[PDB]
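Given as structure tokens, the chain that follows is alone and in the form deposited in one PDB entry.
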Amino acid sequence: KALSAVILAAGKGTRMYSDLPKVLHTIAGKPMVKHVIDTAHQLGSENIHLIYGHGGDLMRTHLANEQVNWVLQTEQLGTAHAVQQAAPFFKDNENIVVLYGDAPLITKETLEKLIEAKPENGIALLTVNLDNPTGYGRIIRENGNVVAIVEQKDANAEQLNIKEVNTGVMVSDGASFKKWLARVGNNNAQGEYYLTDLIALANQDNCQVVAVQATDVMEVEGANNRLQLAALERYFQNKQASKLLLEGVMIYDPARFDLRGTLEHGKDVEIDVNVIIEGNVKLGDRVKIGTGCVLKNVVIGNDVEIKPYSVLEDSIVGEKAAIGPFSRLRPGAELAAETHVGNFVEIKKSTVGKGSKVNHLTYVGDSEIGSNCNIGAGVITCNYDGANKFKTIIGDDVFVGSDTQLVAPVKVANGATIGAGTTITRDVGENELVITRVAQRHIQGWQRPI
């Protein structure tokens, strides 16, 4: 049986006090609605009907590449009215799952269990037990089936003690949705067409409604403000960290670890406190990440150690390389195996060959450095004024003395030696030794003003 999803995402999110619409606020670096779209995709949804409204232009720019059907809602008249906007696109013989852009932690596993329980021509309603169910619609089960969702204000004393409550998440076939949505009324205090009413309509038609309990409450929780969003964030981070720990990643403190994307890892990986992993990150075996590192879109080979307070982005690090502390790898930094990058070093769009070292107070930009080079402290690759970021090409086995400026476009051939304090503007030949001729004034008996 086929499946399609409807995601409610039209909300303004007034209590976020933001220029963004509600569902664009992020959880682990990606919009709340994107988590829901990805879950619906993971489920095998043929179509994903996205109900949107407030901040329409921002929704379109931030989610331009999502394979969704854009259903523009002009008036907020309740959740049944929102779902009915997508109803002309429902296949009669497909299942439809209703999800909420502001409740991002719903899992594929929970939803699979919900779809599976759906009786033919009936509804599968996602429910949850609360220690304090006050304010939520109570689940009334008679003969194993859901006969009513009794709201707080209507419940009798005995019903107020029911801990099982309605989440809003439900599954039914497209024909049943089309049929029942056309029958929902707005005769209530809010004057809204509630999707909740489908339970009563299904019962009127002698169709069964089966309840399916969610594993965690946090899967059904919605974020109405940034405090609630921060609580979903911490729950999501704890869950990601716990999964990594059970896979064998040594995360020293799961409460001080953040994953905002995907992590591929080998065995015996050690991650110290306050590390942030962003985008797509791949770590080989025995990678050690020191305190305070930020890795965004990087590939790290086996046996690499990243020392504290290193920031890496869009970079590749070969096996047994040693980075940090206080190293900065900017996009395009490609470090070969057994390389060394030290404190207060910045590498940008440069390749560094096997065994080469760049250990102090250096800027290497738009360069190619060969194997077994020694880049002295204070070395800087630079350009002439008005240039267009030209390249510095350094061969194999080159020594570059401390505080040397390499003025691109320039080539330094294999085995060349450059003395400290040099300004390199002309190409250096193979085995060429280039040393600066200094002129100095020496004044004897110079008594300091102390």
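We number the residues from 1 along the sequence you see. Just so we're on the same page, rigid core means the largest C-alpha set that superposes within 1.5 Å between forms.
The mean Cα B-factor in the deposited entry runs higher for 113 to 121 than for the other of 113 to 121 and 221 to 229.
Legend: mean Cα B-factor per stretch from the PDB entry, 153 to 161 versus 76 to 84; the higher mean is in 153 to 161.
In the deposited coordinates, the residue among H340, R141, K307, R286 with the greatest CA B-factor is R141. The PDB entry assigns its highest CA temperature factor, among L130, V345, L244, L312, to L130.
Per the deposited record, the Cα B-factor of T392 falls in the middle third when ranked against the other modelled residues of its chain. Per the deposited record, the Cα B-factor of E319 falls in the middle third when ranked against the other modelled residues of its chain. In the PDB entry, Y136 places in the highest third of its chain by CA B-factor.
Residue-level temperature factors show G261 in the lowest third of its chain, judged at the C-alpha atom. Among all modelled residues in its chain, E46 ranks in the highest third by Cα B-factor.
The following text describes the form deposited in another entry, which does not appear among the structures shown.
Of the residues checked (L105, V269, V169, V150), the rigid-core alignment between the shown form and the other one shows a Cα shift of at least 2 Å for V150 alone. For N431, a C-alpha deviation of 2 angstroms or more is recorded between the shown form and the other one after rigid-core alignment. Relative to the superposed rigid core, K288 undergoes a CA displacement smaller than 2 Å between the shown form and the other one.
Positional change of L160 between the shown form and the other one reaches 2 Å or more at the C-alpha, relative to the superposed core.
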